[PDB]
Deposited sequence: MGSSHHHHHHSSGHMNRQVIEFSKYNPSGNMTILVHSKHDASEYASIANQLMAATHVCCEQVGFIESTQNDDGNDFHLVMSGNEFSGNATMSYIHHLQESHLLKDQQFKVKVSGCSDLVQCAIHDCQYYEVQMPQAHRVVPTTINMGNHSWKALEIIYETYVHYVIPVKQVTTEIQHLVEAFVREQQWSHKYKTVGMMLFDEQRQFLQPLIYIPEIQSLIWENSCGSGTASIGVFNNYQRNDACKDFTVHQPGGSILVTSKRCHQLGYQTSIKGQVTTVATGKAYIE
């Protein structure tokens, strides 16, 4: 079976988009084969179906994969700088997207329902954190003076020991060096006990925007969040009853395009 694909580098969160048409029932099997390290290899797969529609293999929403799709539209379909909406899996409403100058792509992110200032106990210390609750995941923004291997091991231990609400399909521990504007994102998937120190995290970058809004009572615009795989910008503002309104913006590199062979 031949799969027409492109492989993208959105700040190291390697993404494949599929251009060829496949039955949606096959998406998980195709994506599982492409993602393998013994295959083309990537961290997530989207299927491209004015009719913009992106379906992630697991029906989840990905800001980094949506950004990759916007990049594809600009470089391949020669879309001009504009604001438009895209239908993406995991979102009830169309997602606000934009092509900006200098090949920056902006993606509206899921709404933070509420935040809770908390402390988490790891080893012999208490860490102030902001719990940010979304419809299908939770992030903890944990300010640190510096990211260290010791703290990473404490965070791994902490996530494996807690019992996580089944509401949260992913749990994010977002270690944030405020001075260096550096995010070291950990994503935990409780269902499969998967723990990953991500190269970059679009949803985590959006959480830094919410954190900034909560901490400062001011909007942030194109706030740079450095991560292991590059940087992503976050724009976030609390808009009265509409709550936090957050987008991320970044660049994407196409690393390859061609045919992948599966089955």
Numbering the deposited sequence from 1, which residue ranges have no coordinates here? 1-17, 67-73
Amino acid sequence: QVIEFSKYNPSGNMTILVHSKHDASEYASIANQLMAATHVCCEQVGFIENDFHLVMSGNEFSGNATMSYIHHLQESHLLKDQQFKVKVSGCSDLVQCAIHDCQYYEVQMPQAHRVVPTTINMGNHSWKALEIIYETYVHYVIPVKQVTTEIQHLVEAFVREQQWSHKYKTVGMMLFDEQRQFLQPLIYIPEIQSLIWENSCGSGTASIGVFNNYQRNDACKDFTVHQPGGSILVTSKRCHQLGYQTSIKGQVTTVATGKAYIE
From here on, numbers count along this sequence of modelled residues.
Regarding 112-120 and 187-195, which shows the higher C-alpha temperature factor on average in the entry? 187-195
Comparing 65-73 with 213-221, which stretch shows the greater average C-alpha B-factor in the deposited entry? 213-221
Per the entry's Cα B factor values, which of 84, 176, 164, 104 stands out as the maximum? 164
For the C-alpha B-factor as written in the entry, point me to the maximum among 180, 139, 100, 125. 125
Lowest, middle or highest third: where is residue 231 by Cα B-factor in its chain? middle
Can you work out whether the C-alpha temperature factor of residue 149 puts it in the lowest, middle or highest third of the chain? highest
CA B-factor ranking of residue 254, expressed as a third of its chain: lowest
Mind checking which third residue 33 falls in for C-alpha B-factor across the chain? middle
Ranking every modelled residue in this chain by its Cα temperature factor as given in the entry, which third contains residue 133? middle
